[PDB]
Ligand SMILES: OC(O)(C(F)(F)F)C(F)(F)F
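There is one chain below, alone, in structure tokens, taken in the form solved without the named molecule.
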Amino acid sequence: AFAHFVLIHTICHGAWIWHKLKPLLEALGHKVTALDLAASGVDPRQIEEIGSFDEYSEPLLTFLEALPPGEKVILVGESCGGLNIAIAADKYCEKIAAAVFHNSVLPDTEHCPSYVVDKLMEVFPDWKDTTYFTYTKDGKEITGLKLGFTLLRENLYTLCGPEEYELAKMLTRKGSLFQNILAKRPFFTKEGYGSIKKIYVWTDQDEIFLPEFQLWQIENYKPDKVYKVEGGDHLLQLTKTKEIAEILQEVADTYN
């Protein structure tokens, strides 16, 4: 079967991280949308203009809003992308056929929206050469960050080719986790985000979203289907594109 995949990137990144997966998925007959979230990729906004994960999630929300009644899509988020998914699912669940998590965070409904973000910081406390800053928005102080080049090379693009790593050093922009804001945000609902089929995809070779964390996430919130890719790194859509596409196909054939 054919499906409409909406590929959601993580912070400090853009749609470009899907430059390989997108064409391959279409080569399978699928409709693929790769969105740029606020102040990400070639989006004209700057991070200082964003005041929350919800605002940051704007593009995805508007994309969904524009879908004609009856059309369902499959959201695919990577790393911090799972949060964008939960935010949208609580506003457009009828439109989501399923949601795939690609080495991503898996929020739940029993805890605050920052729960898994906080846990990640516990397992991966040292972001190496990453630098931070602070700006103010809507009376809240936000911690902005720009991913360190060494961190990218060693923990994110570990097994990626130099030509791919190069793109990261030329395209990654200032971003934010909006962690303190998430802490005060309303819990994701069980009726919306809770009702959607969730497929968790990961590799125990991820140098940042370490096994302890990802395994911790599966036990905390039991996914509907778990797929464990063998090998690769954090960026499986680059190091294991073919495999990922194989799974997405299986998902398209299972959920609609």
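The first residue of the sequence shown is number 1, and the count goes up from there.
Although not depicted, the form solved in complex with the named molecule is the subject of the following passage.
Site status for the named molecule placed as in the bound PDB entry, C-alpha superposition, 2.4 Å backbone or C-beta test: Answer open: no ligand atom comes within 2.4 Å of backbone or C-beta.
In the bound PDB entry, residue 127 touching the named molecule (heavy atom, 4.5 Å): Although the named molecule is absent here, residue 127 would touch it in the bound PDB entry, with heavy atoms inside 4.5 Å.
Report yes if any heavy atom of residue 156 sits within 4.5 Å of a heavy atom of the named molecule in the bound PDB entry; otherwise report no. Yes, residue 156 is a contact residue.
Under a 4.5 Å heavy atom criterion, is residue 236 part of the interface with the named molecule in the bound PDB entry? Contact check for residue 236: no, nothing within 4.5 Å of the named molecule in the bound PDB entry.
Distance check, residue 114 to the named molecule in the bound PDB entry, heavy atom within 4.5 Å: Judged by the heavy-atom cut-off of 4.5 Å, residue 114 is well away from the named molecule in the bound PDB entry.
Counting only non-hydrogen atoms, choose the one of 140-148, 179-187, 86-94, 67-75 that falls within 4.5 Å of the named molecule in the bound PDB entry. Of the stretches listed, the one contacting the partner is 140-148.
Name the single residue among 11, 15, 25, 244 that comes within 4.5 Å of the named molecule in the bound PDB entry, judging by heavy atoms. Contact check passes for 11.
Would you give me the residues of 207-230 that have any heavy atom within 4.5 Å of the named molecule in the bound PDB entry, in order from first to last? Contacts from 207-230: 208, 209.
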